[PDB]
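Working notes, beginning with the structure itself.
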Amino acid sequence: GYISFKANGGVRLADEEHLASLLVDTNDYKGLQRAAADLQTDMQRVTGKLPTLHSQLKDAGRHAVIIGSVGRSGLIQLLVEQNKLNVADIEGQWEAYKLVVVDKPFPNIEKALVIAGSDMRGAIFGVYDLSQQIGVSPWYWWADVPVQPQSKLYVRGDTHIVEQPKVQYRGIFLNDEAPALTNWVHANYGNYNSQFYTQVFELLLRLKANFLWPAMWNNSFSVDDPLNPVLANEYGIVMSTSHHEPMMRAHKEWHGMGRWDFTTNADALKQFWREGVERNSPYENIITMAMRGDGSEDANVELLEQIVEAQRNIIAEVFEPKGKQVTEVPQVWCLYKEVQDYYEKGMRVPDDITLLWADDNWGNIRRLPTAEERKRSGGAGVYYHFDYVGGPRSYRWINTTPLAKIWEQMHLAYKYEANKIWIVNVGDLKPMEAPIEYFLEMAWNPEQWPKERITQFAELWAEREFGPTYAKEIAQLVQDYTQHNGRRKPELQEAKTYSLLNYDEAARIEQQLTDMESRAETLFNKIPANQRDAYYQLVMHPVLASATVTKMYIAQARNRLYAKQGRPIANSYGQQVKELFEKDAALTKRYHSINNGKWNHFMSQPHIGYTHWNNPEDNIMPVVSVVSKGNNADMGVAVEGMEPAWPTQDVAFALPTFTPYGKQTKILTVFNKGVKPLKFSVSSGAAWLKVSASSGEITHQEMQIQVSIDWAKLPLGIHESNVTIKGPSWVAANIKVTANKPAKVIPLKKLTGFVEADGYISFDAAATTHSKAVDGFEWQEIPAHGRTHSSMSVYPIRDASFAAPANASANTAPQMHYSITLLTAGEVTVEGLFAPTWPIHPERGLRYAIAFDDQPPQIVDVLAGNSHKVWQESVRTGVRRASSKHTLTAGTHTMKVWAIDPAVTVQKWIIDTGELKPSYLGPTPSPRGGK
Amino acid sequence: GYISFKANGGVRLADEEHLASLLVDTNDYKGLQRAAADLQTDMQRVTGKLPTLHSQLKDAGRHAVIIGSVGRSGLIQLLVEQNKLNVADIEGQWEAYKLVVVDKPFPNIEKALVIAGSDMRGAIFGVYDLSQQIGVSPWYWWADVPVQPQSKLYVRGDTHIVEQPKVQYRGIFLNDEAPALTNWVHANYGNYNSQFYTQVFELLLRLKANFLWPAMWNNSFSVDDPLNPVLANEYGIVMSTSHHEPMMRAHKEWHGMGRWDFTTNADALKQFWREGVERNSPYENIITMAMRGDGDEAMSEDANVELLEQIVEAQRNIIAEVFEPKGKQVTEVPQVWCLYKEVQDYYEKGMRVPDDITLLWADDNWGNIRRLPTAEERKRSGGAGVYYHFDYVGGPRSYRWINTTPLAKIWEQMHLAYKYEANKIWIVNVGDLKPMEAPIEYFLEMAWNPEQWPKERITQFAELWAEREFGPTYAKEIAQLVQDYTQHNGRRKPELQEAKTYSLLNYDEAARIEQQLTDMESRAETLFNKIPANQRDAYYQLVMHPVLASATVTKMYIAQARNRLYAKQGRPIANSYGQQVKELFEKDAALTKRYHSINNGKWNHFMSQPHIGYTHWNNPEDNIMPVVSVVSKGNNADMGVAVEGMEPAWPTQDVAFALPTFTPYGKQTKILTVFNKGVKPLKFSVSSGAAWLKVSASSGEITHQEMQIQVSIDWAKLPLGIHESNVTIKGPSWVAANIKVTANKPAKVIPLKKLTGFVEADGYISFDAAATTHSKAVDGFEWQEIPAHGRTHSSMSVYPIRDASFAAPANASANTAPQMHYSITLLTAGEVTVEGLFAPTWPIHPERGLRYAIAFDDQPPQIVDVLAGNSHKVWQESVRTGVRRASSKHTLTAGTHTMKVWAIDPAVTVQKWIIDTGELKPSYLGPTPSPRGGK
Ligand code: NA
Ligand code: NA
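First to last, the sequence lines map onto chains B and A. Residue numbers 40 to 334, 339 to 925, 927 to 975, in the deposited numbering, belong to the letters of the first sequence in order. Residue 784 in the deposited numbering sits at position 745 of the second sequence, and the numbers go up by one each step.
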């Protein structure tokens, strides 16, 4: 950046006793003067010394910061008049600022940093740019991020920065606010009054945002404190309402006036709306239009048109005497659900009204502008969710939105030109600090944050708050817990989520999570003391809390399964459920206790015990089973991959089939259902079948027998034998083992591509062997996207579809090629895992084409078979799925994928060759041959 | 009876100081003299005085008992010579006896009871007939039944008893004997030696039985004590072996001689067999024939048949050779062969089976006889018999612990055996013997003469047995307790019971079963305190232990079921049901301790069989307390609602909450249960959305308790047709619970008394098979009631037993066969499904099924075969559940109908009909019988 912490011949903001003078015209915007005053205290935070703030150039010292708007600063204007400054690059622009150094701007001033803005907010944003660069995080108060001391602050002489936003209105919606934000606000401020809201306004400005929808569950912004809109307007925050709160009226303001129904109560509604728009007319707003009524298709469309027409006439009547026409008063309409269909079927919407497109409440944008809609003077915007109360189930507790998910969807919005308004539902605001800042930095300029800077954003954020030493590790912790929560909201997690039986999924997840926790715990003791509060609330708490909920359900799953199997070890897992549940409570209490209880109530959202879409009233520890012991030695055997334990009537006991490149060692677990010593023998029925022990003895512990194959002693083809385990009882346990060796087993080093094992071939979409670009379009990797690794998608963004390929050599579109080795000849099923995206362009699907070798390509639409139930499952799991069937010979093959429609974004491919088993995430990527 | 406890001018067996003299010839059979000595001691048990025992007429007093065999008593022979006695009615017969009074049999004797037998055992049985009549139960030792004291014993002067058995060989198999019998035997006798077996011999003779298969899991009768067979033969017990132990060799005796395989090891097997048969040749036996080799499974049917013919020929030659130097041809040496499973098929397809060998037909290990003789087979000189089970180790699951065989089940199957003439051998697997005392005696009394024990005396047997052991005052109540616990156990073996058996959701089944079991326990406990002190050991082991033990196991699984469901529903009350599981498991354990402690630990080990914790056919090594769930509470008030008939509790995503539909004659009050998942006070309101829908409360407040809301219909305010409304329950959360209620009133509701027959309600019509309106007899045949048969009430079957099928009725006018008619009232017009519950019987005559025909009103009859779709799996479920099922579909108008059932094939035995009119739900036993119209 442009700030140096040692002398550099530039502008001297601070150097020991010497501090630059801050200059702002007392006739400039009050909101800019206020921001200048914040810069004054910011510099004291950094240097320990308070710089002076003057309005007259004559009172300035040798070095100065000259702050002003082009329109109202006598300082900026004098510099322009005397050609010390040119503002042609910002003049007339929306929220632009220029930071430049000027030599001898005035006789008593040697050097000045000039901060010039096109308008009030432009100048404010330039001021807070400087605040952050000298070391004051936007989150210095809102997340206790310490301000690193500096005795020296210098501005580079060649500094020349010209900035302005790409999205015109950028901000947040405080929502889902009880119990957490609401009980904190009431404890600290009494209510959602202007002492609370000025803390919110300041945060938004420091993040270069300008837009707010206020808390409305049980509050009315303009009524609860008349200074709320006055201070919003003075600060520079543009106010609006959520999209079912029309005409500047909060939801709760409608009382004692009859039914919310325009067909029967229009006069009352119209007077209510008129007085609302009149009341807030002194302030900078965007007015919400239309309405959702309470209690025929052509009748609906007609009614909505009447309503909007009536609202337009109200606005005209209010603002006409104030010298404004209806087309000069910002207005917004969210065309939501059926209303979108109304609109596509020809409903009329005045051209100047902004069309706000909503996501699906789960981070997937439902609709974006078409080529013809982009011509509307009102433009369009996006309303996005980080938090939601509704179906299929609420998620309200901690951050569950990975940065890369945000990137991929908001980049589509940017490219399809929904750039009038970007607003995100932040729930209680905390603990969404990182994705809030990402969303708003992206809104400022999406081109400054391309997909190759997704990881870098998190690293840079961590470096700013905590310093460089552990920045990479801290960024990775955040990327890791958010990716994990992106797999399934904590509220939606349960015992059955991660598989105990297949591909060691629950065990792998538990280990991942535990390693994340250990990293987070360890750093707590290594960072400086004044970082601990910030670190706890921004990193350690969400990591430990996220891990604890999942581990709790995995322990529950084990308690339940092992109890069904009759294993007394089940009780130890029941004890683990209790410990993890208690740990969840202890973490919440810690969050409520740090920094003398500053953040008490913010983690009070219930998140354990959901049985339907709405939260329980409190956390409830999950149900556990209790296994009793007998007395005499009594043997059971648990078999890897199976729910029933031996002995069980009418069950064929078998280990999963061994394959040459699959899992090589599998477990039989012998256990005692009594207390007296249990002696047993173990024998194999074939020379190729190996067991790790020939006998054992146990009392209250279990014993694992490892089973494996000697492939050299196994004939070609499919063969079966038994492991026999003989305990005290005269009936021995016989566990069948099968091994399939279709041919001589070539060493993996000498194979090509991803190799079939254990009934499947699995690989990340980015693990291509070749990529072919066509007409400047190419499948490219989105780092850290999706549930397990990354995704691929076509860039640049098209607003047209490629032709499907006629044959498997057609170069109609960019392609991805993969290499595989198939052992099992026959029909395979290739499933892709995709971002759960919508048909954001009417009547256009999410098609791709796929073929092996020179077989005729098949067209697959990810959205084929779409339904409400299919959509529900796409947001519960975080992916959409699509598949195709192919017949292949044994040997090597090339899988080919062609792009067709835009916005198809694929993370993983899973090929079922016949024996694929269910899991939440799919098997981990297959063995890969040595080239 | 013929014994009086006051003077009556007959034979004075005892009167204070005066006792009759017992007379038996010292040249008569040793085993009869032995029985006479037991009578001497039995007399002392009753009177405290020992009668004298002499051989010489000179020594007798003025009253005497003269005991002898026709063939070897000089006493009996003299009486016959002088025409003081006639024995034409018993001479030459098998095991016959005669009890009569003779005046002045000799100069110094004024009166005598004469006990004359056609052969040794006939005489013995006569002796023990008298022992029992003076007051010594067969179970005086084996179940601690007290001997009532009497100072006076008189034989009525008109006594004239002539008895002989219908079944020639009658007895038991000690089996499944470890751990319980085996550990008791070892503690008391050291091993299965003659000190143990003479106790068994005596019991069998007192029960008028004569046949035994000995314990063979880890013992060899003839080897463990050489006196075993010596004393068996001397006492009069005919010895044999179980049907895979050929040629008088126990299973364990085969060791160190190579494979049990005739193809490769014939010479060793033959010598082994020859030595066995030679060893036991001095004793009265039936020799088990054939063999099951170790590798018969690997071999073709053709080869198996050839090999069996070879083996049996070789065995016959061995017997011929062994007995020729003795006085006997092979056709004079009793032999038996159980043609079992596929070997039965071998026989039906032409395998050679020598004509004089007795054919033993086994049951299916679950009390259903697999096969009985055909008309042509009854001509075979060897005859046929039945091997029956009271206990079994094997599939689908072992049952080893307590008595699970109701008397009426035994009656109906053994009666078929009798009428199809399998009367050469009746033998029953009794497991450890105890606690099968009542059904053992029943089986053996029936074997003695099935005609003395018709179905109309099934209840009476139990009452007479209770009266003998405990006296008349509470005999009927005691008999009812035994009938109740055995009926219940006949529904599902304790070993096979589990949480899911009895329904928590439908027809209040688990709650009703629990209450019936609790009330049975209360009767047993109340009676315990009323009986005399010296009857309490016998009462405990014969009545109270099995009653409480049977009840406790079922109640335990019901408590587990509630714990599991309520835990899934998130109800903290689940934890109290978890505690009940524990208490009931501990009670089971304590009852076992009590059984092992009575009478100074006399019966220690007999109840040690593990019976809780089965997961496959073979027992666990110890009882294991069932798994329970633990529910946790939150803090804040949080409302749930459990809905009667539904597993999910409110709130649950994607579930339509509704009470079962209300019908005019169905259940009138149904329950919504409001509960708190937290601890703080929970307030709520309750409202109905319709004037016809009534709720018992409009608001409530709970902390730790649940609250039931009763829901019901005001039928007068309900319009005709089907209507729905909601009960709305509003708690703390802003999301209210809406439970749908539906009521179906197809017409004006006539009072039940004005209706006729069984009335549709809640989607079904249900009634006992005996609840007929008419029972048409045809050609001397009639459907008749078997009392106490089946799972809930009784059964109906056609008698007399036929060995031919009626013609199926060609149409509604056909009077081909006896018919049962029932009356019903249907509210729901349309298709119905009529299911019958039947005895789980086999095709006991090859090529013949279990058909009946059924129709409503004048509609055409449909023929149903109960065995249609038969399979191993269908068989397994029939023995798990105790019934076979069959069904038919009919389309009926609303209104009154007559259901009609025609007999076709024999041995169709039906206990219950359940008609599904569209909404029948699953339950173990089916709904209780429907409301019955007054008309
Ligand atoms: Na929240
Ligand atoms: Na037993």
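Cβ atoms here follow ideal geometry from the backbone N, Cα and C, with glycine treated the same way.
Proximity of residue i and residue j at Cβ, strictly below 7 angstroms
{"i": "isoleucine 211 of chain B", "j": "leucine 138 of chain B", "result": "no"}
{"i": "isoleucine 173 of chain A", "j": "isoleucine 42 of chain A", "result": "yes"}
{"i": "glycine 972 of chain A", "j": "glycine 802 of chain A", "result": "no"}
{"i": "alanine 219 of chain B", "j": "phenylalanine 645 of chain B", "result": "yes"}
{"i": "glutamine 747 of chain A", "j": "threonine 708 of chain A", "result": "no"}
Host alpha helix (DSSP H) of residue i (start-end)
{"i": "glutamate 502 of chain A", "result": "497-509"}
{"i": "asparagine 442 of chain B", "result": "Segment: none, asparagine 442 of chain B is in no alpha helix (DSSP H) and carries neither H nor E."}
{"i": "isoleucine 358 of chain A", "result": "340-362"}
{"i": "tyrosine 605 of chain A", "result": "584-607"}
CA nearest to the CA of residue i, picked from the options
{"i": "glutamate 870 of chain A", "options": "A:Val119, A:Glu958, A:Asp807, A:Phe44", "result": "A:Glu958"}
{"i": "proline 649 of chain B", "options": "B:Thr91, B:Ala628, B:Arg531", "result": "B:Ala628"}
{"i": "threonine 920 of chain B", "options": "B:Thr867, B:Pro971, B:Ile464, B:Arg830", "result": "B:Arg830"}
{"i": "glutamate 292 of chain A", "options": "A:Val262, A:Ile954, A:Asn304", "result": "A:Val262"}
{"i": "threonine 512 of chain A", "options": "A:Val469, A:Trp440, A:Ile570, A:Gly40", "result": "A:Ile570"}
{"i": "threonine 742 of chain B", "options": "B:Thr767, B:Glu352, B:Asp677", "result": "B:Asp677"}
{"i": "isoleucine 893 of chain B", "options": "B:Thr864, B:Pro885, B:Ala849", "result": "B:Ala849"}
{"i": "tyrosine 596 of chain A", "options": "A:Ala538, A:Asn343, A:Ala800, A:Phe500", "result": "A:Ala538"}
Contact test: residue i Cβ vs ligand 1 heavy atom, cutoff 6 angstroms
{"i": "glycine 470 of chain B", "result": "yes"}
{"i": "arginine 439 of chain B", "result": "yes"}
{"i": "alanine 219 of chain B", "result": "yes"}
Rounded separation between residue i and residue j - CA only
{"i": "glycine 406 of chain A", "j": "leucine 246 of chain A", "result": "21 angstroms"}
{"i": "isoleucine 943 of chain A", "j": "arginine 924 of chain A", "result": "17 angstroms"}
{"i": "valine 382 of chain A", "j": "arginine 409 of chain A", "result": "13 angstroms"}
{"i": "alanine 946 of chain A", "j": "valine 372 of chain A", "result": "34 angstroms"}
{"i": "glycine 728 of chain A", "j": "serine 772 of chain A", "result": "20 angstroms"}
Extent of the continuous beta strand (DSSP E) run through residue i
{"i": "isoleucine 710 of chain A", "result": "709-715"}
{"i": "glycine 617 of chain B", "result": "From DSSP, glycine 617 of chain B is part of no beta strand (DSSP E) but of the alpha helix (DSSP H) over 613-640."}
{"i": "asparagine 765 of chain B", "result": "760-769"}
{"i": "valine 669 of chain A", "result": "667-669"}
{"i": "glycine 424 of chain B", "result": "423-428"}
{"i": "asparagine 468 of chain B", "result": "464-468"}
{"i": "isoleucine 396 of chain A", "result": "First-last for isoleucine 396 of chain A: undefined, no H or E at that position."}
Cβ-heavy atom distance, residue i to ligand 2, below 6 angstroms
{"i": "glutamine 648 of chain A", "result": "yes"}
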